[PDB]
Amino acid sequence: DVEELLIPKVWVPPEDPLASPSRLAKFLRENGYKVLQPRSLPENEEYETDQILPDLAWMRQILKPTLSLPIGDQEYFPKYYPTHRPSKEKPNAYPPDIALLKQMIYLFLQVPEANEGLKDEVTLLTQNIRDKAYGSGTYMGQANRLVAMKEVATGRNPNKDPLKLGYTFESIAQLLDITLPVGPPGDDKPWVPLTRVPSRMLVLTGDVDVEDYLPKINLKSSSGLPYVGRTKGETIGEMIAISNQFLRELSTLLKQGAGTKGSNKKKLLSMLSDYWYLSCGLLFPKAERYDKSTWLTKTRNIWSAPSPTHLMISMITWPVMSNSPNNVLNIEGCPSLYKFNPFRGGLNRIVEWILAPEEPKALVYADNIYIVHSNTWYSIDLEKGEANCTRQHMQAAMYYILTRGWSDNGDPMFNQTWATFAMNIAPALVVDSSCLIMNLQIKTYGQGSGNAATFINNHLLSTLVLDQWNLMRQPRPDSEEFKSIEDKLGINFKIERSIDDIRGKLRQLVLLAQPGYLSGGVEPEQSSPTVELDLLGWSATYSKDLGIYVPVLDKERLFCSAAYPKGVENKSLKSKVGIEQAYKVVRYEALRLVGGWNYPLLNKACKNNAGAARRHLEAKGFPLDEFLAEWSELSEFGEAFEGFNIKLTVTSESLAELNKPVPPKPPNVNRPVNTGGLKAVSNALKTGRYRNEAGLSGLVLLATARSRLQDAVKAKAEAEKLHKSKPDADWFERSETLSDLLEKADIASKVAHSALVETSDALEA
Ligand SMILES: [Mg+2]
Ligand SMILES: [Mg+2]
Ligand SMILES: [Mg+2]
């Protein structure tokens, strides 16, 4: 017979069968995955910081004396060999939480009699320990994942350029007005326009020794090319320097124009080729709880964008986005769940939204669509999302951000250097470009899987699915009619989950709510019922103490986290025996806080384990209070508790305080608030007639996109010749007379050889 143990024997991962460039290259070629002609880049060499950044010399109080820049002669080919953990030879990297499991089993045995509701917790945790494993996966899994990305983009349902499907930059931007309302960059709104290099984004206000405008980047993530094996914090100076140089070289090429008889293309192609590496990401293997059976066939990838490319794109993206908290909870008609938080009465409000008689109705967050239809809740995901994204998808997103975010009442708050970068360079850098895995520079299909960088592109993709959903009279998500939306758009999607009779099930939560922390203020004997909405990973349960619905983390997610904790990740001179225990207090208490409090055995076992570490440290004299000062950064669930300034306690009071309703933040939209909902906008757009609500800046961006790269400064001017003649009254009749004006100056680029394509081909020469 079979063995089956109470505690599974230490798992030994299989040998990675693609641990060689030779082997990997074979696999990619065998699947028709494209391997690029290897590009090389100059060796990094020292240079005085005073010389490269003279304007940032005043860092003489409280920089790094020299900088390492890709300037020295002798080219090298870049190499990225990430470590996979666990592995066959080093298997003990991330052990399952056996101490937790033993404690749960222990407490179950202490219970006088029976109870299978309790035992289900021990079963579920055990099943996770057996089936899954936390780690970096394998090269074989990464490569294998990539072939799936190519299949999404070029196989079953090949990607479609939205502009060749009737959509325009403006009509898309009018849809994003509803599904992603955006304001101006800013409290008080004192922000600078997109007209300067990153160096001058720090201002020496008041002479004789600083206002900070640069987007925030986390100092611990990898720098990327040209600094493999270095972090963003270690390359801050370098990141600015390269961005400066690139943007300065760009503004020269536009200042110089296209020259006589196009004798300046060489200068453009020269530059783009020299900065090829700005379009090459590192295939970082993402660490998560993969299941053992697919350890060799699925490993999620993070496309580590080079820091200059990130900095420049986030200079366009972040000042707008970190200042637009506009969602379903503060704008009527709005389906966006952007910056939604389930605490502070947040979840109750979504549940009340569901209970409302209205249907069909949709909610969006990036690559997530939630739909209630015929009293059924549908949770929908785009297949790989990023993989479906084309360059025109992103340049449409860029058009939207610059139009509604970086424009004062029609007027552009951006120069032509930033306009040309956003419309014609940035999408080519990040979508359908390349990545460096081992020593191999290989193509990426669609956008690379970031998670912050990919938000707006994915949200756009879903917005199109939503528009298309409206156009065919809002069919039931499971129907054939709904499924035909992916054949029409080239975007892959699938129903992740559906709950029949959603309103009845939600209502029943009020009746069947058990005693607990939020109902009677006691330690729960039994789990209180939930509806597993998976609303951004959150479920709904009812609180009798507060009289409202309160969030509990999705049950599978909760027990998936409980089974395999994330690693510490680097521990230098900072203590020794204290840190290991201290992290466990964080681990166990944070588990309770997100939803462990609802699950009697998990709640009690976590409480005991945390209390055990807490008492040990308290007798040892560890500064635990000072440690937990920003526990938010130390926990994998910390994001949801950011700026909340609340202690790790998980009591009746703390849980009630965490959920006590607070009025939603006032919306910040740069234009008069639209409250018509998406359904109406979809029909107004299908007619073909719609107003150019972008203003002048929209005509500037249409000219920049629709003409040649080097003739960008002429493009703005020709669009201003149009703006001075007052018609606006229809976008299409306006858009076509602009295309003629571009043909009158011979600046309009040839079909299939657009400004965006030319820079794509230039990036690998
Ligand atoms: Mg979803
Ligand atoms: Mg997706
Ligand atoms: Mg996303």
# chains A, B, ... in the order shown; residues from 1 in each chain; ligands from 1
call {"tool": "residues_around", "arguments": {"residues": "segment 158-173 of chain A", "least_positions_apart": "3", "cutoff": "9 Å", "atoms": "only C-alpha atoms", "output": "NGL selection string"}}
result
:A and (151-155 or 176-177 or 387-393 or 395-397 or 399-401 or 403-404 or 446 or 460 or 463-464 or 487-492 or 685 or 690 or 692-694 or 698 or 702 or 731)
call {"tool": "write_last_selection", "arguments": {"atoms": "C-alpha atoms", "output": "PDB file, in the first residue's frame"}}
result
ATOM      1  CA  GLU A 151       0.612  31.144 -27.504  1.00  0.00           C
ATOM      2  CA  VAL A 152      -1.742  33.726 -25.945  1.00  0.00           C
ATOM      3  CA  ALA A 153      -0.344  36.465 -28.202  1.00  0.00           C
ATOM      4  CA  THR A 154       0.247  34.641 -31.521  1.00  0.00           C
ATOM      5  CA  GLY A 155      -1.478  31.230 -31.305  1.00  0.00           C
ATOM      6  CA  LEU A 176     -11.253  55.384 -19.659  1.00  0.00           C
ATOM      7  CA  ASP A 177     -12.928  58.606 -18.486  1.00  0.00           C
ATOM      8  CA  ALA A 387       0.496  38.860 -23.133  1.00  0.00           C
ATOM      9  CA  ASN A 388      -2.561  40.263 -24.940  1.00  0.00           C
ATOM     10  CA  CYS A 389      -1.193  43.820 -24.827  1.00  0.00           C
ATOM     11  CA  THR A 390       0.048  45.449 -28.047  1.00  0.00           C
ATOM     12  CA  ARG A 391       2.115  48.625 -28.428  1.00  0.00           C
ATOM     13  CA  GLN A 392      -0.960  50.538 -29.613  1.00  0.00           C
ATOM     14  CA  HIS A 393      -2.776  49.462 -26.440  1.00  0.00           C
ATOM     15  CA  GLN A 395       0.285  54.186 -26.561  1.00  0.00           C
ATOM     16  CA  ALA A 396      -3.485  54.639 -26.200  1.00  0.00           C
ATOM     17  CA  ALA A 397      -2.966  54.413 -22.428  1.00  0.00           C
ATOM     18  CA  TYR A 399      -2.539  59.169 -24.823  1.00  0.00           C
ATOM     19  CA  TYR A 400      -5.120  58.978 -22.020  1.00  0.00           C
ATOM     20  CA  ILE A 401      -2.661  59.785 -19.210  1.00  0.00           C
ATOM     21  CA  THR A 403      -4.539  64.065 -22.219  1.00  0.00           C
ATOM     22  CA  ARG A 404      -6.638  63.900 -19.048  1.00  0.00           C
ATOM     23  CA  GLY A 446       3.007  41.487 -25.368  1.00  0.00           C
ATOM     24  CA  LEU A 460      -7.425  49.350 -20.582  1.00  0.00           C
ATOM     25  CA  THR A 463     -12.207  48.365 -20.401  1.00  0.00           C
ATOM     26  CA  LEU A 464     -12.395  47.230 -24.036  1.00  0.00           C
ATOM     27  CA  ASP A 487     -12.292  36.641 -30.863  1.00  0.00           C
ATOM     28  CA  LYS A 488     -13.340  40.225 -31.642  1.00  0.00           C
ATOM     29  CA  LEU A 489     -10.705  41.951 -29.477  1.00  0.00           C
ATOM     30  CA  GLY A 490      -7.819  39.454 -29.489  1.00  0.00           C
ATOM     31  CA  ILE A 491      -7.843  39.523 -25.675  1.00  0.00           C
ATOM     32  CA  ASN A 492      -7.945  36.163 -23.873  1.00  0.00           C
ATOM     33  CA  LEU A 685     -19.383  55.992 -29.325  1.00  0.00           C
ATOM     34  CA  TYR A 690     -18.110  62.141 -30.837  1.00  0.00           C
ATOM     35  CA  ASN A 692     -12.679  65.859 -29.408  1.00  0.00           C
ATOM     36  CA  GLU A 693     -12.681  66.258 -25.623  1.00  0.00           C
ATOM     37  CA  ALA A 694      -8.891  66.031 -25.479  1.00  0.00           C
ATOM     38  CA  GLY A 698      -5.008  65.493 -28.173  1.00  0.00           C
ATOM     39  CA  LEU A 702      -2.328  62.511 -32.856  1.00  0.00           C
ATOM     40  CA  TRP A 731     -13.422  64.274 -33.664  1.00  0.00           C
TER      41      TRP A 731
END
call {"tool": "residues_near_ligand", "arguments": {"ligand": "ligand 3", "cutoff": "6 Å", "atoms": "only C-alpha atoms and all ligand atoms", "output": "count of residues only"}}
result
6
call {"tool": "residues_near_ligand", "arguments": {"ligand": "ligand 1", "cutoff": "6 Å", "atoms": "only C-alpha atoms and all ligand atoms", "output": "PyMOL selection string"}}
result
chain A and resi 368-370+379-381
call {"tool": "write_last_selection", "arguments": {"atoms": "N, CA and C atoms", "output": "PDB file, in the first residue's frame"}}
result
ATOM      1  N   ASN A 368      -8.806  42.285 -13.985  1.00  0.00           N
ATOM      2  CA  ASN A 368      -9.906  41.660 -13.264  1.00  0.00           C
ATOM      3  C   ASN A 368     -11.233  42.320 -13.605  1.00  0.00           C
ATOM      4  N   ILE A 369     -12.196  41.504 -14.013  1.00  0.00           N
ATOM      5  CA  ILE A 369     -13.555  41.979 -14.225  1.00  0.00           C
ATOM      6  C   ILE A 369     -14.509  41.178 -13.347  1.00  0.00           C
ATOM      7  N   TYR A 370     -15.307  41.892 -12.556  1.00  0.00           N
ATOM      8  CA  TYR A 370     -16.348  41.289 -11.731  1.00  0.00           C
ATOM      9  C   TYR A 370     -17.709  41.707 -12.274  1.00  0.00           C
ATOM     10  N   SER A 379     -16.520  36.211 -11.413  1.00  0.00           N
ATOM     11  CA  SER A 379     -15.150  36.682 -11.252  1.00  0.00           C
ATOM     12  C   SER A 379     -14.346  36.286 -12.480  1.00  0.00           C
ATOM     13  N   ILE A 380     -13.925  37.283 -13.253  1.00  0.00           N
ATOM     14  CA  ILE A 380     -13.274  37.045 -14.540  1.00  0.00           C
ATOM     15  C   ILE A 380     -11.834  37.556 -14.562  1.00  0.00           C
ATOM     16  N   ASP A 381     -10.960  36.782 -15.197  1.00  0.00           N
ATOM     17  CA  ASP A 381      -9.564  37.151 -15.389  1.00  0.00           C
ATOM     18  C   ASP A 381      -9.209  37.103 -16.862  1.00  0.00           C
TER      19      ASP A 381
END
call {"tool": "residues_near_ligand", "arguments": {"ligand": "ligand 2", "cutoff": "7 Å", "atoms": "only C-alpha atoms and all ligand atoms", "output": "ChimeraX atom specification"}}
result
/A:367,381-386
call {"tool": "residues_around", "arguments": {"residues": "segment 107-113 of chain A", "least_positions_apart": "4", "cutoff": "9 Å", "atoms": "only C-alpha atoms", "output": "count of residues only"}}
result
8
call {"tool": "atom_distance", "arguments": {"atom1": "atom CA of residue 92 of chain A", "atom2": "atom CA of residue 220 of chain A"}}
result
24.3 Å
call {"tool": "select_by_dssp", "arguments": {"residues": "segment 341-468 of chain A", "states": "helix (DSSP H, G or I)", "output": "NGL selection string"}}
result
:A and (346-355 or 386-388 or 391-405 or 416-430 or 455-468)
call {"tool": "residues_around", "arguments": {"residues": "residue 244 of chain A", "least_positions_apart": "6", "cutoff": "9 Å", "atoms": "only C-alpha atoms", "output": "PDB file with N, CA and C atoms, in the first residue's frame"}}
result
ATOM      1  N   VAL A 197      14.380  67.308 -17.519  1.00  0.00           N
ATOM      2  CA  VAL A 197      15.097  66.073 -17.222  1.00  0.00           C
ATOM      3  C   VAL A 197      14.980  65.746 -15.729  1.00  0.00           C
ATOM      4  N   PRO A 198      15.035  64.448 -15.369  1.00  0.00           N
ATOM      5  CA  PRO A 198      14.933  63.989 -13.978  1.00  0.00           C
ATOM      6  C   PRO A 198      15.877  64.669 -12.986  1.00  0.00           C
ATOM      7  N   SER A 199      17.049  65.097 -13.448  1.00  0.00           N
ATOM      8  CA  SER A 199      18.019  65.770 -12.584  1.00  0.00           C
ATOM      9  C   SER A 199      17.431  67.032 -11.956  1.00  0.00           C
ATOM     10  N   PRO A 308      16.426  53.291 -15.636  1.00  0.00           N
ATOM     11  CA  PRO A 308      16.106  54.504 -16.399  1.00  0.00           C
ATOM     12  C   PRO A 308      14.748  54.445 -17.112  1.00  0.00           C
TER      13      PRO A 308
END
call {"tool": "select_by_dssp", "arguments": {"residues": "segment 26-123 of chain A", "states": "strand (DSSP E)", "output": "list in words"}}
result
residues 41, 42, 43, 44, 45, 46, 47, 48, 66, 67, 68, 69, 70, 71, 72, 73, 74, 75 and 76 of chain A
call {"tool": "residues_around", "arguments": {"residues": "segment 62-65 of chain A", "least_positions_apart": "2", "cutoff": "8 Å", "atoms": "only C-alpha atoms", "output": "PyMOL selection string"}}
result
chain A and resi 48-50+59-60+67+237
call {"tool": "write_last_selection", "arguments": {"atoms": "C-alpha atoms", "output": "tab-separated table (two decimals), in the first residue's frame"}}
result
chain	number	residue	atom	x	y	z
A	48	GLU	CA	33.24	61.88	-10.95
A	49	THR	CA	29.62	62.64	-9.96
A	50	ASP	CA	30.41	66.38	-9.94
A	59	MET	CA	24.17	67.15	-1.60
A	60	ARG	CA	26.95	68.40	0.73
A	67	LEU	CA	29.43	56.94	-10.81
A	237	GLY	CA	22.80	58.30	-9.34
call {"tool": "residues_around", "arguments": {"residues": "residue 555 of chain A", "least_positions_apart": "2", "cutoff": "10 Å", "atoms": "only C-alpha atoms", "output": "CSV table (one decimal) with N, CA and C atoms, in the first residue's frame"}}
result
chain,number,residue,atom,x,y,z
A,124,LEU,N,-7.3,21.0,5.4
A,124,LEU,CA,-7.0,22.0,4.4
A,124,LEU,C,-5.5,22.5,4.4
A,530,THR,N,-19.1,32.8,5.3
A,530,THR,CA,-18.6,33.9,4.4
A,530,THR,C,-19.1,33.6,3.0
A,532,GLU,N,-17.5,33.7,-0.6
A,532,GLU,CA,-16.1,33.8,-1.2
A,532,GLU,C,-16.2,34.6,-2.5
A,534,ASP,N,-13.9,36.6,-3.6
A,534,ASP,CA,-12.5,36.9,-4.2
A,534,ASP,C,-12.4,38.3,-4.8
A,537,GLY,N,-9.2,39.4,-3.9
A,537,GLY,CA,-8.8,38.5,-2.9
A,537,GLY,C,-9.6,38.5,-1.5
A,538,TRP,N,-10.7,39.2,-1.5
A,538,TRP,CA,-11.4,39.4,-0.2
A,538,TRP,C,-12.8,38.7,-0.3
A,539,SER,N,-13.2,38.2,0.9
A,539,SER,CA,-14.5,37.6,1.1
A,539,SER,C,-15.4,38.5,2.0
A,552,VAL,N,-12.9,39.3,5.1
A,552,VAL,CA,-12.0,38.1,5.5
A,552,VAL,C,-11.3,37.7,4.3
A,553,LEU,N,-10.0,37.5,4.4
A,553,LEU,CA,-9.2,37.0,3.3
A,553,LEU,C,-9.7,35.7,2.7
A,557,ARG,N,-6.5,31.3,-0.2
A,557,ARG,CA,-5.4,32.2,-0.1
A,557,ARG,C,-4.9,32.2,1.4
A,558,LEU,N,-5.8,32.3,2.3
A,558,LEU,CA,-5.4,32.3,3.7
A,558,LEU,C,-4.6,31.1,4.2
A,559,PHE,N,-5.1,29.9,3.8
A,559,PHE,CA,-4.5,28.7,4.1
A,559,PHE,C,-3.3,28.3,3.3
A,560,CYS,N,-3.2,29.0,2.1
A,560,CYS,CA,-2.1,28.9,1.2
A,560,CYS,C,-0.9,29.6,1.8
A,561,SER,N,-1.2,30.8,2.4
A,561,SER,CA,-0.2,31.6,3.1
A,561,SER,C,0.3,30.9,4.4
A,595,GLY,N,-7.8,37.6,8.2
A,595,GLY,CA,-8.9,36.7,8.2
A,595,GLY,C,-8.8,35.5,9.0
A,596,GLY,N,-7.6,35.3,9.6
A,596,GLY,CA,-7.4,34.1,10.5
A,596,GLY,C,-8.3,34.1,11.7
A,598,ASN,N,-11.3,34.6,11.9
A,598,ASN,CA,-12.6,33.9,11.6
A,598,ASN,C,-12.5,32.4,11.8
A,599,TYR,N,-11.3,31.8,11.8
A,599,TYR,CA,-11.1,30.4,11.8
A,599,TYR,C,-10.5,29.8,13.1
call {"tool": "closest_residue", "arguments": {"among": "A:104, A:502, A:225, A:573", "to": "residue 376 of chain A", "atoms": "only C-alpha atoms"}}
result
A:502
call {"tool": "residues_around", "arguments": {"residues": "residue 452 of chain A", "least_positions_apart": "6", "cutoff": "12 Å", "atoms": "only C-alpha atoms", "output": "ChimeraX atom specification"}}
result
/A:217-218,302-305,310,313-314,317-318,321-322,366,386,458-459
call {"tool": "closest_residue", "arguments": {"among": "A:259, A:32, A:82, A:285", "to": "residue 145 of chain A", "atoms": "only C-alpha atoms"}}
result
A:285
call {"tool": "atom_distance", "arguments": {"atom1": "atom CA of residue 68 of chain A", "atom2": "atom CA of residue 203 of chain A"}}
result
24.4 Å
call {"tool": "closest_atom_pairs", "arguments": {"of": "segment 640-726 of chain A", "to": "segment 749-757 of chain A", "cutoff": "6 Å", "atoms": "only C-alpha atoms", "output": "tab-separated table"}}
result
residue	atom	partner	partner_atom	distance
A:707	CA	A:749	CA	4.7
A:708	CA	A:749	CA	4.7
A:709	CA	A:755	CA	5.0
call {"tool": "write_last_selection", "arguments": {"atoms": "C-alpha atoms", "output": "short mmCIF file (atom, residue, chain, number, x, y, z; two decimals), in the first residue's frame"}}
result
data_model
loop_
_atom_site.label_atom_id
_atom_site.label_comp_id
_atom_site.auth_asym_id
_atom_site.auth_seq_id
_atom_site.Cartn_x
_atom_site.Cartn_y
_atom_site.Cartn_z
CA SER A 707 3.84 61.51 -38.43
CA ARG A 708 7.55 60.62 -38.56
CA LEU A 709 9.71 60.38 -35.43
#
